[PDB]
Amino acid sequence: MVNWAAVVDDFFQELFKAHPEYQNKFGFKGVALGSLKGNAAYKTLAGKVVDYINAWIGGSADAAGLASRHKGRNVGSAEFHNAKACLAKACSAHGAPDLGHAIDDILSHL
Ligand code: HEM
C-alpha cells in the first residue's frame with residue numbers, strides 16, 4: 001500500500017510550517033508541530049483527510065461538499081493552492097502518487 005497516514009502527517013508538517021496561522025482554525029491550535037501525532041483532535045482530523053484521499057482514489061470523493069464545508073470555515077482558494085503544494089511535497093517524500101487532480105476538483109468549487 002501507500003502509507004497515506006504518513007503522507008498526511010507530512011502534509012500537515014509542511015502546511016503548518018509554511019502557514020502556522022492555519023493551525024489556529026483547528027482543535028489542535030497552539031500544539032507544537034513536533035507533538036501533533038500525540039494530540040487527539042489531530043488524530044481524528046488526520047484520519048478524515050486520509051479517508052478523503054481514499055474516497056478520491058475509490059471514486060466516491062465529494063469535492064463540492066468538501067469545498068462548501070471549507071468555505072464554511074472561511075477557507076478558500078488561496079489556502080487550497082498552498083495546500084496543493086504541501087501535499088505534492090508530502091506525496092513525493094513517500095513515493096506516493098500525486099494528488100493534484102483531487103485538489104484541482106476542490107479548487108473548481110472555490
Ligand atoms: C489537501 C487539502 C485539504 C484537504 C484534502 C482537506 C480535507 C478535510 C477534511 C476531510 C476535513 C474533515 C471535515 C470535512 O470533511 O469537511 C477537513 C476539515 C477541516 N479543514 Fe481541511 N482540507 C484541506 C485543506 C485545508 C486548509 C488549507 C485549511 C486551512 C485552515 C483547512 C481547514 C480545515 C478546517 C478548519 C476543518 C475542520 C476542523 C474541525 O472541524 O475542527 N483545510 N478538511
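Counting begins at 1 with the first residue of the sequence. Read the numbers this way: they start at 1 and go in the same order the structure lists the ligands and their atoms.
If you check which protein heavy atom lies closest to atom 10 (C) of ligand 1, you get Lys48 O, 3.4 Å. The protein heavy atom nearest to atom 28 (C) of ligand 1 is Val75 CG1, 3.7 Å. Annotation: atom 11 (C) of ligand 1 to nearest protein heavy atom, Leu45 CD2, 4.2 Å. Among protein heavy atoms, the minimum distance from atom 1 (C) of ligand 1 is reached at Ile103 CD1, 3.4 Å. Among protein heavy atoms, atom 15 (O) of ligand 1 sits closest to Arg69 NH2, 3.0 Å. In terms of protein heavy atoms, atom 3 (C) of ligand 1 is closest to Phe80 CE2, 3.5 Å. Looking only at heavy atoms of the protein, atom 32 (C) of ligand 1 is closest to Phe26 CZ, 3.4 Å. Protein heavy atom closest to atom 40 (O) of ligand 1, with residue, atom name and distance, is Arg73 NH2, 2.9 Å.
Judged by distance alone, with hydrogens and angles left aside, the side-chain atoms of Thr44 form no donor-acceptor pair with the main-chain N or O of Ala41 at under 3.5 Å. At least one donor-acceptor pair closer than 3.5 Å links the side chain of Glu79 to the backbone N or O of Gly76. Between the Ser92 side chain and the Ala88 main chain, a donor and an acceptor come within less than 3.5 Å of each other.
Annotation: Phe12 is not in aromatic contact with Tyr22 [ring centroid separation under 6.0 Å not met].
Within the 4.0 Å heavy-atom criterion, both parts of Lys25, backbone and side chain, lie near ligand 1. Residue-level proximity to ligand 1 for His70 is carried by the side chain, the only part with a heavy atom below 4.0 angstrom. Looking at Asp51 against ligand 1, nothing comes within 4.0 Å, counting heavy atoms. Residue contacts with ligand 1 for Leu99 are absent, since no atom lies close enough (heavy atoms, distance under 4.0 Å). Looking at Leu66 against ligand 1, only its side chain comes within 4.0 Å, counting heavy atoms.
For the atom pair NE2 (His94) and CH2 (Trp4), the distance works out to 10.0 Å, reported to the nearest 0.5 Å. The distance from the CD atom of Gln23 to the CG atom of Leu15 is 9.5 Å, given to the nearest 0.5 Å. Expressed to the nearest 0.5 Å, how far CG of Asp9 lies from OH of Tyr42 amounts to 3.5 Å.
Checking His19 against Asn82 by side-chain atom types alone, a donor-acceptor pair falls below 3.5 Å.
For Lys25, the NZ atom sits in a packed shell: over 12 heavy atoms of surrounding residues, nucleotides or ligands are nearer than 6.0 Å.
Across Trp56, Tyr22, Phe28, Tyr42, heavy-atom proximity to atom 30 (C) of ligand 1 is greatest for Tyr22.
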